[PDB]
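Protein chains in written order, with the entry's author numbering: chain A, 104 to 160, 172 to 181, 191 to 203, 208 to 307, 336 to 521, 570 to 738, 745 to 887; chain B, 104 to 160, 172 to 181, 191 to 203, 208 to 307, 336 to 521, 570 to 738, 745 to 887.
Structural data, given as structure tokens:
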């Protein structure tokens, strides 16, 4: 009979002995168990294969090797294209084997085996079991020896060898050969450069995916809905928290007005408009502490709150003018991900702490149907949102319909379980955020009323806020401007910091909560607008536009007209499910989370990532343990009961820079740490 | 520089024009848009490729083709091994293309291009986009034309052609050439053969995975735990159901005693011991109807219940003696899966109906914390059980530890949420099955008490039970003895039917519920003991043993000593989660469920299954729709409110055999229907 033969030829990059440790490991393993055939008098490929196989330990073994042109897998050197007939590498995958076997056979006289194998002198046989790590497969071990034999000079030295000991020494010798401020001086330069780099590209922001081809109108609509739910609901939670911390001085109306006005201005007038401004729990702590200070002394809350905001904006303006944002470049992947993971944990803790408050208040009566339903709604919202989030990686629908359905994972989950909780369970009371009609009519806060000995206190608090604002604004912007997120417009670090000061000084004067870059929202905003090739997963490009951020801000502002509806129809557990959803989905692409899971994973399932190929496995696990230790340091000072140590948390963020660049190099080699950053 | 070239050679089976429709479809598509180059005077591969590519619509196109030995992908014919230098097929995957392009070029004079391409006359170029169905990829379309060109006689006819019209006609002509009772006579033979086929292998059943190598002791322990929870909890539910249907005549104690005694005897003395005996809801309907009959007339329940059991066993004995189980061979995959899916739906409906009863009784007070918690516990048990079930397909643990953890998916989920419901929510009442001390002390039922005009009624009911027992016992045993489940011991259909009659006549005499083969449990029992290669998914072998079934039966019997504990500690929602778990997990490997999902799936995600390659896609979807229509027929007569039409449900099972073998061939071709069965 006749059979069809499929021949596939693919180029393979030469193994990099300088970077890839696996080449050294494979060579050392071969040298420890050397199987070298010297002066092989066999004149045929079959006899050479028989000799090598019997040296390993017979007819069945050769049957697996074949299907020289009959060999199933081979690697040959090509010179830019001329083949290298001097040597040949043979590769086979045998299930019955338990470990990798490598044999090198040298022929006495060159043999003519084919068109590209007419001068064969060295035959390399590599045998490996099918279930192996992607870095130590049969092909990978072959690439180690193929790279060494691809050098004409090295092959000549092997031919000159006379004994097996000299043959190994040549292999060792070849492996050795293969192995072997002024920036801040111009004040205001950063601000001018950022504007100059973004102003010409300003019209492109509004017409990036509206005119021409590749009209991503569906992406813009879905992203705006995602931002609207991801911003408004936490804003209500933080507005209610400020309502009960300031005794009505800052209510839900002011927290949503500040988000709308601040978000609208930032979207229009900032470079890199993918950064989403939102108030945070640490910012609520500062507002709460100011109320305590204003209660202990005879100070007006609005006057003191305005002044510390003014000093906060004053210091932020100096940082942008002095180009201080350049120091934030020291926060590499080794440090940003620890802070990135910590904030996600805080959102998880907010849902957990909120659920415990429902159990304490309702279940124990400090009735039970509300507590149990709250657990069901919170977990149900997380399940439905995450299931729709993963639906984009399924074949069950048309790609256009599936993309839209998965992009609305959060809006659907919030809407679906709001109806379930408010209409499917009308008979069960649900915990809902407090709402009261407007009380403070957006006053000026009377900054002149506050006297000396108090503006100095605001200056002290303003300096602490400046460090919190400076670090958080640049860290989230760095995540947005990450090299993996292929942005081809610019960064605009210094202009954003100055604009954030301009935004926050207005909010402080009118008693509105401060807002800066939000961690979970902005990377997700970039991720929502990104196109994933899924080749492992890479972002082809991101639809950089102001429409999503500007549209969401307008929608948040319009929520004031119908403000009673979200608070009465959306219960707290739906928000707590949203907190779990954004925290979990923000962990995608986090290398620290990937390496934590790497510990609880079989060896054969290790992906061929960049750091695994370069860094030793033991060093990788040591680095993961040290990062977890640094994470617990953040948790101790960031999620504690005492409010004073939580306020000095930005100092802990600074303290990890000496830890990364001084303490860590003494434990792990500096080159290995660089691979993690790269 | 030097680069490494990887050459992979793999044999490809010749495309089967008789069976695979895709060969005909590809050839017709090529003929509709023929791109044929006649009398190609080019003397080089590059010029021929340029001519073919310009005929398709230039330098960039060729760069993708190469990396003749430089071609990335090629298919050549090999004669048993001598290559065929006459022709050559070139394959390339281009992203910029929207549809498949095939070009055939005939050379005026043979050209010498390489060692195995020294007499090239025909060059075949196939171009396809990367995202295509597995049956119509670039390689698959190449295999269609490579198979035709692999015939020496066909190539000669092409050489004799003079015009393009004659060239196409030769392709059409080649495609046409490629395209072109006594059993029941020995009474008792089946019973003797089954015993003779299983008795010599009886000692192997107890020592299959205990002595020697491949000691699957861990599998036996985990499977026994799975069977114990999967049998005892439904038994309690059906015992409680019989308790409230017979007014205490058949209680939980009798339903568990019958399961233990019947299961223990079946495990020891039956061939194919992987079949699990369990009472079913249809069997509870017969018990309930007998109570109604015994209430309408002045008949003793135990006397009438015993007699209809005696007649049921009498008819089942005749079926085994007359070798009637051979007729059940007409139930192929087209019919078994419809019944298989229906039973899984009934278990889903039992959980849904039970949950509605909790809402009606507790939520509406016919309080609310019990109803809401019941929903949370039922869904939580399903989630935890299914998550652990899918954990076996993860790399996050050692294979031995991961296998044990995933095999205990059901025992852990039941135990975990029993503690959560009974200890984490002690303050909330939960619906639990009724328990009362033993009332009937296992009497003889006094069969002689029942007089004529009533034993005739039992004979009528016994005949209906016999049809229910006959069909269900053979259907579940057929699923256990499925060809995919590679069992190398035997089937034993006739002996099991006789033994089931012997088991059920004892149960009827002592007032115990009838038990026959259980659908969800026995395939899962085989699946639990099976080894999956996961090459898509195939079962290498199954650990056929009696220890799992016998051990579970003993454990069920020992549950009588501590009988109050399961009923008071395990609430109904945990059972309802178990019903959802077994119903969902039993759908794995169901081709009907796979084809239902095939409708809601993009074309490019269609797997290369057996039926997809042979049967036209439109015919596959027509067959799926017809099977769903048959499924709704079962639902109408099997899940209705009226009990009389539910009792004639086995007649509907019989009625689908004429539908499959008479009605369906008039709608879809008989050959296509055979592919589904095969």
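Each residue gets a CB set at the ideal place from its N, CA and C atoms; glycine is no exception.
| Asked | Found |
| --- | --- |
| Under a three-way DSSP split, which group does residue 628 of chain A fall into? | coil |
| Within its chain, find whatever has a CB closer than 7 angstroms to the CB of residue 748 of chain B; leave out the 5 residues flanking it on each side and keep chain order. | 687, 688, 689, 733, 734, 735 |
| Quick one: is residue 631 of chain A near chain B, going by C-beta distance under 9 angstroms? | yes |
| Mind listing the chain B neighbours of residue 196 of chain A? Cutoff is C-beta to C-beta under 9 angstroms, in chain order. | 109, 110, 111, 112 |
| For the alpha helix (DSSP H) holding residue 864 of chain A, just list the boundary residues, first then last. | 858–867 |
| Going along chain B, which residues have a C-beta under 8 angstroms from residue 243 of chain A? | 192 |
| With respect to the beta strand (DSSP E) encompassing residue 196 of chain A, which residues constitute its N-terminal and C-terminal limits? | 196–202 |
| Are the Cβ atoms of residue 282 of chain A and residue 213 of chain A separated by less than 9 angstroms? | yes |
| Please list the segments of the alpha helix (DSSP H) lying wholly inside the segment 694–734 of chain A, counting only runs of 4 or more residues, in order along the chain. | 696–712, 724–732 |
| Tell me whether the segment 504–518 of chain B and the segment 619–627 of chain B touch, counting them as touching only if at least three CB pairs, one residue from each stretch, are closer than 8 angstroms. | no |
| Would you call the CB atoms of residue 705 of chain A and residue 434 of chain A closer than 9 angstroms? | no |
| List the residues of chain A whose Cβ lies closer than 9 angstroms to the Cβ of residue 599 of chain B, in chain order. | 806, 809, 810, 811, 814 |
| Any Cβ of chain B within less than 9 angstroms of the Cβ of residue 515 of chain A? | no |
| Please decide whether residue 199 of chain B counts as near chain A, where near means a Cβ-Cβ distance under 9 angstroms. | yes |
| What's the call for residue 483 of chain B, buried or exposed, on a 16-neighbour Cβ count within 10 Å? | buried |
| Closest by CA to residue 100 of chain B, which one among B:463, B:776, B:479? | Look at the range of chain B in this structure, 104 to 887, and you will see that residue 100 of chain B is not part of it. |
| On a Cα-Cα basis, can you pick out the residue from A:461, A:485, A:429, A:130 that is closest to residue 119 of chain A? | A:130 |
| Mind checking residue 641 of chain A: buried by the 16 CB within 10 Å criterion, or exposed? | exposed |
| Check whether the segment 649–659 of chain B and the segment 399–410 of chain B touch, using three or more Cβ-Cβ pairs below 8 angstroms as the test. | no |
| Counting only beta-carbon atoms, is residue 248 of chain B nearer than 9 angstroms to chain A? | no |
| Taking 9 angstroms as the threshold (beta carbon to beta carbon), is residue 354 of chain B in contact with chain A? | no |
| Sorted by chain position, which residues of the same chain lie with C-beta nearer than 7 angstroms to residue 628 of chain B's C-beta, five sequence neighbours on each side aside? | 576 |
| Check for me: the alpha helix (DSSP H) holding residue 114 of chain A runs from which residue to which? | From DSSP, residue 114 of chain A is part of no alpha helix (DSSP H) but of the beta strand (DSSP E) over 105–115. |
| Quick check: the segment 222–238 of chain A against the segment 112–128 of chain A, are at least 3 beta-carbon pairs closer than 8 angstroms? | no |
| Using 9 angstroms as the limit for Cβ to Cβ distance, is residue 275 of chain A near chain B? | no |
| Any idea if residue 192 of chain B is buried or exposed, counting beta-carbon neighbours within 10 angstroms, 16 or more meaning buried? | buried |
| Sort out for me which residues DSSP pairs residue 433 of chain B with in a bridge. | B:719 |
| Can you tell me where the alpha helix (DSSP H) holding residue 233 of chain A begins and where it ends? | Counting along the chain, residue 233 of chain A falls outside any alpha helix (DSSP H), though it belongs to the beta strand (DSSP E) covering 228–238. |
| Does residue 492 of chain A pass the burial test, meaning 16 or more other C-beta atoms within 10 Å, or should it be called exposed? | buried |
| Expressed to the nearest angstrom, what Euclidean distance is found between the alpha-carbon atoms of residue 580 of chain B and residue 588 of chain B? | 12 angstroms |
| Tell me where the alpha helix (DSSP H) around residue 191 of chain B begins and ends. | No alpha helix (DSSP H) contains residue 191 of chain B, which DSSP labels as neither H nor E. |
| Buried or exposed for residue 185 of chain A, please, with buried defined as at least 16 other CB atoms from any protein chain shown within 10 angstroms of its CB. | Regarding the residue in question, residue 185 of chain A is not represented: chain A runs 181 and then 191, omitting everything in between. |
| Taking 9 angstroms as the CB-CB limit, is residue 133 of chain A close to chain B? | no |
| Using a C-beta cutoff of 9 angstroms, does residue 210 of chain A count as contacting chain B? | yes |
| Tell me which residue opens and which closes the alpha helix (DSSP H) that residue 466 of chain B is part of. | 456–476 |
| Could you spell out where the beta strand (DSSP E) holding residue 249 of chain B opens and where it closes? | 247–255 |
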